[PDB]
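Residue numbers (the entry's author numbering): 5 to 41, 48 to 205. Cβ coordinates follow ideal geometry from the N, Cα and C atoms, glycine included. Below is one structure, written out as structure tokens; comments come after it.
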Ligand SMILES: [Mg+2]
């Protein structure tokens with residue numbers, strides 16, 4: 005009897021495009037961008059600041075570039091949330107409590123909130139009871155920490171929580187804590203889970 009849902013961000017909701025990102029980075033002067041990915051892991055845990063991140067990018071980049079240029083290229087990894095997934099979220103809150111559990115960074119998070127979640131009258135606030143972000147939490151999937159940490163703050167029973175995330179390891183760890191999981195494939199429309 006599932007009462008709650010935990011949803012990942014990437015692939016599951018927002019389409020990703022590594023090639024594009026790589027290319028945009030190269031265009032702005034980062035030659036070995038693809039070997040490079048450090049600060050990414052730190053950023054993800056919010057152990058540094060967007061400021062220091064850009065500096066790190068510049069620093070290993072060997073050139074001075076605009077923060078906008080950098081945010082631009084970094085955000086090009088994100089494509090879009092097909093709007094039918096947004097409908098699905100809203101429809102789902104009718105029968106469940108719905109949380110986001112996402113490994114991400116402030117720069118990305120602000121892009122998705124401005125550019126991807128806004129739909130009709132709705133805003134990121136409208137889809138989730140609460141969003142748990144790695145870089146705010148300071149811990150990241152698949153640390154067991156983060157899963158236990160989420161249920162306690164949320165005050166939800168793990169036995170009654172369904173976790174949807176396209177990373178196997180993340181799912182296996184969540185299962186250990188008693189959570190049920192589905193691992194969607196790239197591009198998968200996982201709406202079939204509720205037919
Ligand atoms: Mg993923």
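Cβ neighbours of residue i in the same chain (closer than 6 Å, five flanking residues each side left out)
i, result
"residue 9", "106, 108, 172"
"residue 67", "80"
"residue 64", "77, 80"
"residue 91", "17, 18, 126"
"residue 156", "149"
"residue 161", "168"
Member of the options whose CA lies at the smallest distance from the CA of residue i
i, options, result
"residue 185", "152, 197, 121", "152"
"residue 116", "95, 53, 15", "53"
"residue 145", "48, 84, 15, 57", "57"
"residue 78", "14, 92, 16, 32", "32"
"residue 136", "143, 123, 168", "123"
"residue 72", "34, 130, 164", "34"
"residue 167", "174, 181, 189", "189"
"residue 37", "178, 132, 26", "26"
"residue 139", "131, 128, 158, 104", "104"
Coil, strand or helix - residue i by DSSP
i, result
"residue 188", "coil"
"residue 145", "helix"
"residue 72", "coil"
"residue 109", "strand"
"residue 67", "helix"
"residue 169", "helix"
Spatial neighbours of residue i in its chain, beta-carbon cut-off 8 Å, leaving aside the 5 residues before and after
i, result
"residue 154", "183, 186, 187"
"residue 28", "82, 83, 86"
Under 8 Å between C-beta atoms of residue i and residue j
i, j, result
"residue 70", "residue 30", "no"
"residue 119", "residue 85", "no"
"residue 102", "residue 18", "no"
Chain-order list of residues whose beta-carbon lies under 7 Å from that of residue i (same chain, five-residue window excluded)
i, result
"residue 46", "Coordinates for residue 46 are absent; the numbering of the chain skips from 41 straight to 48."
"residue 201", "98"
"residue 170", "5, 6, 7, 8"
Cβ separation of residue i and residue j, assumed to be a contact under 8 Å, to the nearest whole Å
i, j, result
"residue 142", "residue 110", "6 Å"
"residue 196", "residue 15", "6 Å"
"residue 11", "residue 174", "5 Å"
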